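Coordinate analysis (summary)
Each chain is listed here by its residues.
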Amino acid sequence: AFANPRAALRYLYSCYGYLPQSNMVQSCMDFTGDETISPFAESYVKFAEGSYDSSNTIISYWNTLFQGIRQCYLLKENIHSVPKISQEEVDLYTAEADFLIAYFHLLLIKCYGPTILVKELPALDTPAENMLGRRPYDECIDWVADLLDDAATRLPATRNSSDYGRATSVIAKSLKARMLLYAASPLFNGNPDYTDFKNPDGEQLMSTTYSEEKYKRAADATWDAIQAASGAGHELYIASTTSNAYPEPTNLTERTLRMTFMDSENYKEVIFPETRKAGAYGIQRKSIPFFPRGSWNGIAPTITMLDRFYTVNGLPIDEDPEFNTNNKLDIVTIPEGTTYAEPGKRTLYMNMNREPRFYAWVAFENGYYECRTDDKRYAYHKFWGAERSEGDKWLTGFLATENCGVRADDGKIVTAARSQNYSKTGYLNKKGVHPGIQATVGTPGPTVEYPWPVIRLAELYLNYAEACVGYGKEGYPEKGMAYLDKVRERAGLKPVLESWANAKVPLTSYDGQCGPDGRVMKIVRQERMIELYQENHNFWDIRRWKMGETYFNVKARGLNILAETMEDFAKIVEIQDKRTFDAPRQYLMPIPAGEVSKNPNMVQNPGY
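Reference entry: report on the structure contained in this document. (Residues numbered from 1 in each chain as written, not as in the entry; some residues may be left out. Heavy atoms only, no water. Residues with missing side-chain atoms left out of burial classes, pairs and counts.)

**A word on the overall build of the chain**
The condition is simple: Secondary structure is summarised from DSSP: a helix means a run of H or I of at least four residues, a strand means a run of E of at least two, and numbering begins at the N terminus for each. In this setup the radius of gyration rests on C-alpha atoms only. A globule is expected at 2.2 Å times the number of residues raised to 0.38. Residues count as neighbours in contact if any of their non-hydrogen atoms are within 4.5 Å of one another.
In terms of regular secondary structure, the chain is built from 19 helices and 15 strands. Against the compact-globule benchmark of 25 Å for 608 residues, the chain has a radius of gyration of 24 Å, which places it among compact chains. Across its three principal axes, the chain shows a C-alpha extent of roughly 70 × 60 × 50 Å. Here the contacts in the chain between residues at least 6 apart in sequence split such that 72% fall between residues at least 24 apart.

The following block contains the structure:
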């Protein structure tokens, strides 16, 4: 177990193994909140349904992460003792074990708010059984930030290939920054919902007064993280213009956005990779055009999510005078020369003239899906005539009688609409789907695997912008907004002030429009909702912004997927899958009921 240095290393990897595997779609808690909907009945869906309380926790970080923390303290206890172990190995594995303790607690704070602080190896199985009590939120934040800072001084700035996925100082700084931004957010920073949220002895657990200083702290920490990341070689991904084995997508901006974290020739944007394999049941085979049993045509962007993408002018659809929201469902003819949809076919108005990120990441009526097949069956069948680019991209039709629609089968239409492996909305996801994926009748792993981006540099840029705008003073907004404009520029857009010059209500300066409730913050938040689409942020961002009732207590919407004509397709229907959110209770997850029973000083989260 600690019998030799190799055994010790396998043990450090077991500690890492207790981290939630965020790219394991069937088992993660936070795949999405409201961005996509699917017919696969994964565990995360139970959170979307609102079906969690102290007796039905679904996924209990409280249990699993505490066990991970214990293992880290064991490694720390026993590492000096391993035969033949070097001081180099002792220092590094200890640093990584300390990092993990911090990160496990960061995850607890994210999920539960106030947490126990495990400061030493715990002897009993659960926090309450060790008679640990929850500490004020700000105390927990400050403790974890200190441990991350200290671990950072003892970690390398990058990992070698064999160690990829393991901790670095850049990761530690980036996690600290993110956590501090969360602490400054409406849910945690002077939130009136929590005035009486106290331990049984009366100790107040949540800050009661809003502090602008919390945003400044987050902004300074995000600046530290950005400087560390750029010092270590990280940059925003831009696609190569040279030929490679994967020619689609061909539009260079769409390709840049599609391949941000999936192009192994340039992973420099990725700061924290999740290198455990997502496997067959991950995002790729669940998103691609129908061909069972390896191609499931299921992860479908919702209307709410589609409405978040910008127009081609980098503006919200309800702020761009050149986009008529009254006409979203109008049927239009795709003109000659259109590169993201088939000339001469028809589609809905709201699918045209959107920003590159829309075409990079959304499949829609008579747009294209860059993917492959090992057999021209089902959606890839010659019958449909959807093959393009010598088999590297495919025309997607979502009417019931078209290749990606509910009555389609192997080169033929069938009477019944299927109830499995279909798009509930009339759209499909393309983000995180490598264009080299091969549809197939089997159920192997995806053709090309890649690490999932737990942290990537564009998130740091948006975190900085958010914190700078939230603070709103001392010249911070201008500094942070410049980094948000770099994200926009990479996505083919103009800077904010250039784009909002022509908005329905123009914005010509940040002055007097900052702070967490102003126009500039609204711009930041929507940019984040787009840029980080389907990367496990929505679930937590909607919560920290206190927008849980607005978005998570509303059923998803889609187009009329039973339609056999474009005219009947162009109608928005409510999807009846349960979607509920009880505010403020469900902003935080429930402490397991038994924990509050075992330790009198343990308090449940409000409302549970």
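Now that the structure has been shown, we can carry on.
**Considering the environment of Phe364**
For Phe364, the position within the fold is in the loop between strand 6 (362-363) and strand 7 (367-370). In this view, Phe364 contacts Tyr340, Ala341, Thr347, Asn351, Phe358, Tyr359, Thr396, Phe398 and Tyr427; residues no more than four positions away in its chain are not counted.

**Focus: the layout of surface pockets**
Short version of the rule: Cavities and pockets are found on a 1 Å grid laid over the protein atoms alone: a cavity is a set of points where a 1.4 Å probe fits but cannot escape, a pocket is an open set with protein on both sides within 12 Å along at least five of seven lines, and a lining residue has an atom within 4 Å of such a point. Grid points are joined across faces, edges and corners, and a volume is the space filled by probe spheres set on the points. When residue character is reported, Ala, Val, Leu, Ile, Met, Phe, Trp, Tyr, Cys and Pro are called nonpolar, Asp, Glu, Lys and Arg charged, and the others, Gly included, polar.
The space that makes up the largest pocket amounts to roughly 630 Å³. Considering the residues around the largest pocket, the lining is formed by 24 residues, among which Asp318, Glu319, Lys522, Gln526 and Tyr551 are closest to the centre. Among the elements that line the lining of the largest pocket, the one with the most residues is helix 15 (residues 519-531), at seven residues. Along the lines of polarity and charge, the residues of the lining of the largest pocket split into 11 nonpolar, three polar and 10 charged. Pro20, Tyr103, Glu274, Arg276 and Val454 are, among the 27 residues lining the second largest pocket, the residues nearest its centre. Mapped by element, the contributors of at least two residues to the lining of the second largest pocket are helix 1 (5-17), helix 4 (87-112), helix 6 (169-184), strand 2 (270-274) and strand 13 (452-456).

**Quick word on empty space enclosed by the protein**
The calculated volume of the largest cavity comes to roughly 100 Å³. Surrounding the largest cavity, 13 residues form its lining, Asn23, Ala278, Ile283, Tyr450 and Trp452 being those nearest its centre. Per-class residue counts for the lining of the largest cavity are seven nonpolar, five polar and one charged.

**Some thoughts on the pattern of salt bridges**
As a reminder of what qualifies: Throughout this description, the term salt bridge denotes a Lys or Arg side-chain nitrogen within 4 Å of a carboxyl oxygen of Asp or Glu. For every residue, the accessible area obtained with a 1.4 Å probe (protein chains only) is divided by the maximum for its type, and the residue is called buried under 20%, exposed over 50%, and partly exposed between those limits.
Applying the stated criterion to the full structure yields 48 salt bridges. A salt bridge links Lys76 to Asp98; the nearest nitrogen and oxygen atoms lie 2.8 Å apart. Here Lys76, found in helix 3 (residues 61-78), pairs with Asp98, found in helix 4; they are 22 residues apart in sequence, far enough to count as distant. Taking the relative accessible area as the measure of exposure, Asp98 reaches 8% and is therefore buried. Its salt-bridge partner being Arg488, residue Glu527 comes within 3.0 Å of it at the nearest N-O pair.

**Comments concerning the sheet that holds strand 7**
The cut-off we apply is this: DSSP calls a pair of strands paired once it identifies at least 2 bridges connecting them.
On the basis of which strands lie adjacent, the open sheet formed by three strands has the order 7-10-9 and antiparallel pairing. Strand pairing shows two members of the sheet lacking a second neighbour, strand 7 and strand 9 (387-388), which therefore form its edges. Bridge count between strand 9 and strand 10 (residues 393-396): two bridges; the pairing is antiparallel. Bridge pairing links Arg388 to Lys393 in strand 10.

**Overview of the packing of aromatic side chains**
Basically, it comes down to this: Ring pairs shown here join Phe, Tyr and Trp side chains whose ring centres sit within 6.5 Å, with only the six-membered ring taken for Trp; geometry is labelled stacked below 30 degrees between planes, edge-to-face above 60, and tilted in between. In this scheme, the term charge over a ring applies when either NZ of a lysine or CZ of an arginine sits within 6 Å of the ring centre and within 35 degrees of the ring normal.
Across all of its chains, the model carries 39 aromatic pairs by this definition. Note on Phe291 and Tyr380: the rings are 6.4 Å apart at their centroids and 55 degrees apart in plane angle, and the pair reads as tilted. Of this pair, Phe291 sits in the loop between helix 9 (283-287) and strand 3 (300-301) while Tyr380 is found in the loop between strand 8 (372-373) and strand 9, placing the two residues 89 residues apart along the sequence. The class of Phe291 is buried, set by a relative accessible area of 0%. Through a chain of ring-to-ring contacts, the aromatic side chains of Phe309, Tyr340, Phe358, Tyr359, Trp361, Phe364 and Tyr533 assemble into a single cluster. A cation sits over an aromatic face here: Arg418 above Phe290, 3.4 Å from the ring centre. Just above the ring of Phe539 sits the side chain of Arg543; from NZ or CZ to the centre is 3.9 Å.

**Focus: unusual backbone geometry**
Geometrically, the link from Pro292 to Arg293 is a cis peptide bond, its omega value of 10 degrees lying close to zero. Residue placement: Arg293 occurs in the loop between helix 9 and strand 3. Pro584 follows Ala583 through a cis peptide bond whose omega is -5 degrees. Within the element layout of this structure, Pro584 appears in the loop between strand 15 (572-574) and helix 19 (593-598). Positioned with a positive phi, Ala41 is a non-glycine residue whose angle comes to about 60 degrees.

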